[PDB]
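Shown here is one chain on its own, the form deposited in one PDB entry, set out as structure tokens.
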């Protein structure tokens, strides 16, 4: 009653979808994919919150591997909403006959290596067991929900929603709603909620820096232009650092005139785009403290220009390093001018407890709500690995293997875990993610086909190669400001999670070259157990 398969894929987002296509169609392997989700989509299945939008531009937030698909797909606007991405991924699944290969509504709860037979034994929450030669983990770097336990929470008589588990069709129009969190998710859901809702209470702990998204309609002339030049657009993207489709600046910020610097930021501001403001503006906003301060200072002044009430402005003024994930919005600061929206500064004025009726802050004020929305983010990157029973050689648990910081070789493998691969695992690229996912999935499929064609029973990186990769990512990370940014990117967002590097910050171009060259070099750093 245990099922023998060549490959197990975990996840039905961009990663899993593509892994199943590659392993089944190109490699000719029996392949089973799993997701707890009732359908494919990953991020775009789960994040049904109002205002959910990509901030990779429409034409870049998709697969590139199928040139005809690129000519076929269409979009409304310069950025693309959750339902449109969801519809795009569903179509990819239909397009390549992938749906039959997935088990939806099914969580993998265990994956144990069997040393004697060189197989993985995988168990689901339903009690089915699979034996597989390969495991591809496409489990998401931003899917393990972080849901802080506030005092008194289970006392709340109203509805509780995490944004990354928003129920389909759930509308909060006409309700009294509080939001916890003002990262990329909070800004989007706040902006969307405010006109529809009776009252919106925002519990803001750290106000953030955000530029306009500049999400504009696209006419058939506009999509045409893009599509006719799609080959060159993708080559530029795959030859850049972050692949968002603007040219990345090398120009130091303090090298230029005080006025042009202002004009450059202003033209970036009016154009829109979060990554463009940080990197298509000057080449050292992320690397030079004065350059970063100039950027930060520019945004701060817009905030003081937007928010009318001096007190509300003070509470929402972003402070400190402009060194979290770059943000952009469709009118976020504007909403705090609306009479129905209330800002609560929870650093000055902490939450005392949640009650039946709402949230009491330490000033002793009850904030009456009947819905609480958690835009509190994720245990990022490693989170979904640590929540599962995964054991490699000699029963070594993932959590004992990664007893300190989580590690990889090349973002895609780890020692003592043979034939077990990761898509967007620890210490991989920090970019517009689809083309990074494509790079990793393609590389994993090539190494699996290699192993199949040769006599290979097990392939895993050496401890030395992994540690050298840790050192390479650490060196690169020290050269940027993200590390002093105090956010999820360096695992600083959950008390109890140890902070560390979690990304290779070299960019897509340098990453692709590393990946190409390790393969061209006979999988340098891997040990290969033959038949």
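What we label the rigid core is the largest C-alpha set whose atoms superpose within 1.5 Å from one form to the other. Numbering follows the first chain given and starts at 1.
Below, we refer to the form deposited in another entry, which is not included among the displayed structures.
With the two forms fitted on their core, the C-alpha shifts between this form and the one not shown stay under 2 Å for all of 78, 146, 109, 81 except 146. Once the rigid core is overlaid between this form and the one not shown, residue 252 does not reach a Cα shift of 2 Å, moving by less than that. Once both forms are overlaid on the rigid core, the distance between the two CA positions of residue 133 between this form and the one not shown is under 2 angstroms. Once the cores line up, the CA of residue 174 ends up 2 angstroms or more apart between this form and the one not shown.
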